[PDB]
Amino acid sequence: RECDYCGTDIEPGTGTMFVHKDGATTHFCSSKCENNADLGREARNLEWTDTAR
Amino acid sequence: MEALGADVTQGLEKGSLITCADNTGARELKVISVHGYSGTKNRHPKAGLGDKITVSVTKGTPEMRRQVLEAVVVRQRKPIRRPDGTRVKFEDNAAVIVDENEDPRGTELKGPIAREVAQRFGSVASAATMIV
Amino acid sequence: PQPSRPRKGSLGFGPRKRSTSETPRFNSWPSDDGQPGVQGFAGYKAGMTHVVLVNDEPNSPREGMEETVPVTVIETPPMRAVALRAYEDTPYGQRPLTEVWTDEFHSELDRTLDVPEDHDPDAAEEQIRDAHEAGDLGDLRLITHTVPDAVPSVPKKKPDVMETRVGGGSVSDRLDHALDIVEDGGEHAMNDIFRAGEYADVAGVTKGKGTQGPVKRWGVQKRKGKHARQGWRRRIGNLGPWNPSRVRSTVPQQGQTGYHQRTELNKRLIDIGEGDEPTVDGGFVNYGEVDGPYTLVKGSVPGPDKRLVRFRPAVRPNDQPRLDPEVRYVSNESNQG
RNA sequence: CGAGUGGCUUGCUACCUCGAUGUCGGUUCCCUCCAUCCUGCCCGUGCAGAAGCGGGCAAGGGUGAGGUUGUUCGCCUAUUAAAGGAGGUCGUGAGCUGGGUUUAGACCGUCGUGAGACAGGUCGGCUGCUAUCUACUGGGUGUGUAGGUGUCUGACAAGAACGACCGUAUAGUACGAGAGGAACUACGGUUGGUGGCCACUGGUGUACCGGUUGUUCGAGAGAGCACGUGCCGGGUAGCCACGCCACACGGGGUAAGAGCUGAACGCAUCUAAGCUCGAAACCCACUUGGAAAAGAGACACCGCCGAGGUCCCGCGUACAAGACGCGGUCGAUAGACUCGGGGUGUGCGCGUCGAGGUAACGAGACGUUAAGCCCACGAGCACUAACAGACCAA
RNA sequence: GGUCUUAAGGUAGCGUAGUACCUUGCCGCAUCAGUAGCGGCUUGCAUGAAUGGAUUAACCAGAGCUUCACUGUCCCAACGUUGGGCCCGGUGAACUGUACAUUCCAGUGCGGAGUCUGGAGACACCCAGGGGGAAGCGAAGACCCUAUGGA
RNA sequence: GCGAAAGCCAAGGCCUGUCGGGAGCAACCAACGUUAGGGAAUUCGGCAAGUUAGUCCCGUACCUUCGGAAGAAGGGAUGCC
RNA sequence: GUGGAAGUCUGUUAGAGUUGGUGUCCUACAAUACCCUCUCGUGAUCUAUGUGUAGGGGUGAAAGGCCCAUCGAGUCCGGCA
Ligand SMILES: [Cl-]
Ligand SMILES: [Cl-]
Ligand SMILES: [K+]
Ligand SMILES: [Mg+2]
Ligand SMILES: [Mg+2]
Ligand SMILES: [Mg+2]
Ligand SMILES: [Mg+2]
Ligand SMILES: [Mg+2]
Ligand SMILES: [Mg+2]
Ligand SMILES: [Mg+2]
Ligand SMILES: [Mg+2]
Ligand SMILES: [Mg+2]
Ligand SMILES: [Mg+2]
Ligand SMILES: [Mg+2]
Ligand SMILES: [Mg+2]
Ligand SMILES: [Mg+2]
Ligand SMILES: [Mg+2]
Ligand SMILES: [Mg+2]
Ligand SMILES: [Mg+2]
Ligand SMILES: [Mg+2]
Ligand SMILES: [Mg+2]
Ligand SMILES: [Mg+2]
Ligand SMILES: [Mg+2]
Ligand SMILES: [Mg+2]
Ligand SMILES: [Mg+2]
Ligand SMILES: [Mg+2]
Ligand SMILES: [Mg+2]
Ligand SMILES: [Mg+2]
Ligand SMILES: [Mg+2]
Ligand SMILES: [Mg+2]
Ligand SMILES: [Mg+2]
Ligand SMILES: [Mg+2]
Ligand SMILES: [Mg+2]
Ligand SMILES: [Mg+2]
Ligand code: NA
Ligand code: NA
Ligand code: NA
Ligand code: NA
Ligand code: NA
Ligand code: NA
Ligand code: NA
Ligand code: NA
Ligand code: NA
Ligand code: NA
Ligand code: NA
Ligand code: NA
Ligand code: NA
Ligand code: NA
Ligand code: NA
Ligand code: NA
Ligand code: NA
Ligand code: NA
Ligand code: NA
Ligand code: NA
């Protein structure tokens, strides 16, 4: 699996899946990503993110 | 009851206010008790995903208001662990009003539902739009 | 009315004092069923990671499916049964009769023992066989020790010594089996005693926490609400009633917490290998790198990293053995981050 | 109607304390009783089944959360297997609380000529002490057993280490006209309790990194202060619970009870002798402590001019002193350095762009730059420091 | 009852009251559930007109209640910060003390014993702790009665 | 900055609100920070703590002695260049 | 629009007061203290100094409050052994 946020591979037996109100799903590899997301930031604008890279 | 097939950290308590994820006319539900549960001195009875809880309607249609009904917890903000180790959490806390047979009192369920709730309440599941 | 409520903490692991030996001492052994064999082994705790397993449970609606399981990595290099002690039955229970030692000793066993320079193995063996002829021979055990020097991550070289019982077919048969192991050099391994998938009981001295209060040590509540601001926060209400006018040992009080012996039952052995397959990137925190004989224990094990832990075939298993579980993945992800 | 038991209520008495034994209720924390509410094992039934009612043994465990009231009590709600009662100075103020009773202020009603009163109501109205002894929880130093190392034994001691519920198969089956509707056994899970653990999720994290406000060091750079982080964002190790792991069965002897054989009493009789079974209770099993068990223990080796130990030095798997554990050049114990593994989030400077502005100037953008800064972890590595050396000892 | 005591015999109002014994009065609102709170009723144990009655905008560290918001008050506790606590140098009191004193379970006794009686347990000394007991320390009981006491 | 307000800093004063040394510095206590999900379930009682907050624009109910109620409530904005 | 009234509002301006915490203290720093919270703050306001009223007497927006840690009758000595 791949983190729907930063893009790196999610270590199996790890991570959280957030279920949106509409039913959409978001797999996070860590708290760092979830939190950066809750701040309304987009992974593309964060230089440390594989996405952005 | 049947194994949920997932570990749950009850995220609700007696007195908690949660969303009524159906079209019964009840918008907000207040938890009153958890079916088959017994706590311990000073402990607030707790309820989470997959539990059948007794509830009272706080908001909604006049006729639905103040009524004491039964329901099933379909979503909770506090995480739950699936067999593969992953945690799953929802955007809100929600329950669907149920009857003696556990058939949804309503005709449609609003919002997603946890797959684990299926292994317990079939008719509730077979009325789901989205099952995550 | 005053609602009922279970007392705080168990009264079965006391007194809650500092353990006498950092090396655990089993107070029970498995039953003499199968073929003769040493009934235990030891290793050093390293850390934890998880592994993905194939549901092995025949009664699980998930049997055959992937499954994440926590595991504690324990370095289990070969040990050495350096002697065979014999006990004799007497009106006062069992008492050591004699011992049969060897001559081949690990270079540094003299850091702990005054290694034998002159011993009569045969005389010892004779005395034992006579005892057995007379029918006064009590169980048979082996004096065993570890080789910390084989484990780099562990500072000590001084070996840990413990006695492990030998249960086997007949007394004559296992007596012979014992002597055979010893005579060689006593060198034996985890393989020889356990098979992945079996249940074992792991004993060990828990992590020490020094002195702690009733709240942490016994689980009593903290003062609540207004009471929490009056000058008392983590002290119990009282040491007892007016009468009896004395404090009962059953009231939760401050004291040593941690560093006690514990024998955790029915621990499943997920796998027994060798190498660095289970090691974590960056190395196990506060431990080091694993690359040698190891054992993966399901769940947790008492004690801190580096402490000696002991294995014994479960004495009261609930489930039947389900040998060699399929391991599809062992996480090596860094434990830092 | 008659005979009793208890000492929870109330009343009686006036034995004890007026050079004071701190009140009610609550709370917290410990032990107990049985007249048993649930759970186990049973008997009867107006016992078809299911659901009950009544009774026996039985105190192992459980007996919970809330709305009114200071309340105890009690009323009420939803859960529950059940939400039992009682004793411990109406257990518990050198533990807490201080809502009520019952100080000094005040109001109302009633009574009184009045001061003022009330077995009426109401608002406000204080909680002292550095533990000598004893007691217990934990930690040491000595002596006794009578040189040391290591490994054991087990007299005894503690435990609830486990209690309980739901679901599935059994089975829409036995039973029953039907409605309805079991069980043995085998499984899965939950709850309460218990012990341990931190890979996972979560909290902390005044280590650390970034952003940014005010001010001061002229600007820049880089910094101090703003309570012991200015605030905001992220967060490693560790510690933790909201996270994770583990916590039987089965034997033995019994109670109530079901029976066998069996006599007194040729019959009958579960009992008088004998015997087979049979409770969550008892014993064992299992976990923990345990040579100071005065019968003060056992075994193996080493040693009595030397075994071993203390001090010392580098350190923690340990730790309030003390104790404990490991390493000490025959070395990786701690530090430096370098890698690895991690945390932040892209440094200074310079270049280009930049709304504009004659210009000066210019917030900010891109590049150089997964940069810069930082790490309580691991590895490599004898470079530095574990040197020198003292002592006790049959 | 359809007057009598003793002059009159409660009018406007308000009312289960900060006044209502019965009392958690009855009905309603509100809550899952409300001896509370508010509204209505009200025969008021024992309301009522400057002993002022009713009512009232504004004001209030005044008494009671409800809602939104908020949150470690709680479920259920954790980690951290600073000052202590702990060890070391120096300084250096007080409270309290009939004696003895390692106690525990029972009993007894002026009926609430470390000391009496019977048993049980108990090798000595020392450190830290939270305060069960010494009917712990502190104060010749404020309550109550008594005194041919006081004010 | 509204300010004799806060915070920071001059001049001027001080290190005498006058005992120190050591242990990652344990339990426990005083002040205090942060706590997931729930959100008064706590309690005599929301006690304690928390929330809100400065300024500008919009907008503002019952009631009223017409003064008030009122900053009612509620909504939006806020830097730098 | 001007004007700028008020036992008017906000306000740790100075200054006055003292509600809650029933916190810290309770052989105290203190025979009435410390901290946070809180009330007033152009007026019946707060305050220095001077000055008057004296014990069954003062003084009292009244609590039997106050009259030098002394008040339902101050303090000292005497009556008094
Ligand atoms: Cl409930
Ligand atoms: Cl408390
Ligand atoms: K008395
Ligand atoms: Mg991760
Ligand atoms: Mg409670
Ligand atoms: Mg207090
Ligand atoms: Mg980690
Ligand atoms: Mg007393
Ligand atoms: Mg009985
Ligand atoms: Mg019991
Ligand atoms: Mg009492
Ligand atoms: Mg009690
Ligand atoms: Mg007491
Ligand atoms: Mg007291
Ligand atoms: Mg005290
Ligand atoms: Mg009171
Ligand atoms: Mg009151
Ligand atoms: Mg009162
Ligand atoms: Mg002697
Ligand atoms: Mg600072
Ligand atoms: Mg009323
Ligand atoms: Mg009149
Ligand atoms: Mg005696
Ligand atoms: Mg007296
Ligand atoms: Mg009196
Ligand atoms: Mg008089
Ligand atoms: Mg929270
Ligand atoms: Mg409440
Ligand atoms: Mg309550
Ligand atoms: Mg407050
Ligand atoms: Mg004014
Ligand atoms: Mg003001
Ligand atoms: Mg004057
Ligand atoms: Mg008076
Ligand atoms: Na206090
Ligand atoms: Na306090
Ligand atoms: Na007492
Ligand atoms: Na007395
Ligand atoms: Na009480
Ligand atoms: Na019982
Ligand atoms: Na109640
Ligand atoms: Na008493
Ligand atoms: Na008190
Ligand atoms: Na009390
Ligand atoms: Na039995
Ligand atoms: Na001995
Ligand atoms: Na009147
Ligand atoms: Na006032
Ligand atoms: Na807190
Ligand atoms: Na005491
Ligand atoms: Na005008
Ligand atoms: Na004050
Ligand atoms: Na006078
Ligand atoms: Na005189």
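Labels below follow one simple rule: chain letters A, B, ... track the order of the sequence lines, proteins then strands, and each chain is numbered from 1. Values below: all heavy atoms of this structure, side chains included; hydrogens, waters and symmetry mates excluded.
With hydrogens and angles ignored, a donor-acceptor pair under 3.5 angstrom links the side chain of C:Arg18 to the base of D:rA323. Under 3.5 Å, the side chain of C:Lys226 and the base of F:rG45 form at least one donor-acceptor pair of N or O atoms. Counting atom types as modelled, B:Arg87 pairs a side-chain N or O with a base atom of D:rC200 as donor and acceptor under 3.5 Å. Evaluation of atom-type donor-acceptor distances gives a pair under 3.5 Å for the side chain of C:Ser10 against the base of D:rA161. You'll find a donor-acceptor pair under 3.5 Å spanning the side chain of C:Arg316 and the base of D:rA248, going by distance alone. Below the 3.5 angstrom threshold, one finds no donor paired with an acceptor across the side chain of C:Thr211 and the base of F:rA27.
Between D:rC373 and D:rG7, neither a Watson-Crick nor a G-U wobble pair is formed under the 3.5 Å criterion for both distances. Between E:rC29 and E:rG37, a Watson-Crick or G-U wobble pair is formed, both defining distances falling under 3.5 Å. Applying the 3.5 Å cutoff to both bonds, D:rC330 and D:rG66 do not register as a Watson-Crick or G-U wobble pair. D:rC227 and D:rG188 are not base-paired, meeting neither the Watson-Crick nor the G-U wobble geometry with both donor-acceptor distances under 3.5 Å. Geometry at D:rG124 and D:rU9 does not meet the Watson-Crick or G-U wobble definition with both required distances under 3.5 Å. Pairing status of D:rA119 against D:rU10: not a Watson-Crick or G-U wobble pair with both distances under 3.5 Å. Under the 3.5 Å cutoff applied to both distances, D:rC53 and D:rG109 fail to qualify as a Watson-Crick or G-U wobble pair. Between F:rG46 and E:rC70 there is a base pair of the Watson-Crick or G-U wobble kind, both of its two distances falling under 3.5 Å.
In this entry D:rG7 carries a south-puckered sugar, per its negative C1'-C2'-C3'-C4' angle. Here E:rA54 has a north sugar; its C1'-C2'-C3'-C4' angle has a plus sign. Pucker assignment for D:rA81 gives north. The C1'-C2'-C3'-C4' angle has a positive sign. For E:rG131, the ring torsion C1'-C2'-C3'-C4' comes out negative, which puts the sugar in the south group. Evaluation of the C1'-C2'-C3'-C4' torsion of D:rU130 gives a negative value and hence a south sugar.
Separating the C1' atom of D:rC1 from that of D:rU36 is a span of 32 Å, rounded to the nearest Å. Only the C1' atoms considered, E:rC76 is 9 Å distant from D:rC242, to the nearest whole Å.
Side-chain contact of C:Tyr329 with A:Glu11: a donor-acceptor pair under 3.5 Å is present, judged by distance alone. Of the N and O atoms on the side chains of C:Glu75 and C:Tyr287, at least one donor lies less than 3.5 Å from an acceptor on the other residue.
As judged by a 4.0 angstrom heavy-atom cut-off over every strand, C:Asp281 is placed among residues touching the sugar-phosphate backbone only. Within the nucleic acid shown, C:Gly303 comes within 4.0 Å of sugar-phosphate atoms alone, with no base atom in reach, counting heavy atoms only. Within the nucleic acid shown, A:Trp48 comes within 4.0 Å of at least one base atom, counting heavy atoms only. Contacts of A:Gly15 with the nucleic acid, taken as non-hydrogen atoms under 4.0 Å apart, involve only primed sugar atoms and P, OP1 or OP2.
Remark: bases of strand neighbours E:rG97 and E:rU98 are unstacked by the 5.5 Å centre distance and 30° plane angle definition.
Qualifying side chain to side chain contact (heavy atoms under 4.5 Å, CB included) partners for C:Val73, counting only residues two or more places apart in sequence or in other chains: C:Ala46, C:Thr49, C:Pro278, C:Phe284, C:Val290, C:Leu296.
Remark: of the listed residues C:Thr23, C:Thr164, C:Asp160, C:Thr263, C:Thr164 is the sole one forming a side-chain hydrogen bond (donor to acceptor under 3.5 Å, both in side chains) with C:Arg310.
Atom CD1 in C:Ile236 sits roughly 13 Å away from atom P in D:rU137 (whole-Å rounding). Whole-Å rounding puts the A:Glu47 CD to D:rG372 P distance at 13 Å.
A residue-by-residue look at C:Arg229 and C:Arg235 shows that C:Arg235 has its nearest nucleotide of RNA chain F further toward the 5' end.
The aromatic ring of C:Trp242 sits over the base of D:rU89, with ring centres less than 5.5 Å apart and planes tilted by under 30°.
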Would you tabulate the side-chain donor-acceptor contacts of residues 46-53 of chain A under 3.5 Å, counting partners in other chains and residues two or more places apart, or write 'none'?
| from | atom 1 | to | atom 2 | distance (Å) |
| --- | --- | --- | --- | --- |
| A:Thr51 | OG1 | A:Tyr5 | O | 3.3 |
| A:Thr51 | OG1 | A:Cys6 | O | 3.1 |
| A:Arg53 | NE | A:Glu47 | O | 3.4 |
| A:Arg53 | NH1 | A:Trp48 | O | 3.4 |

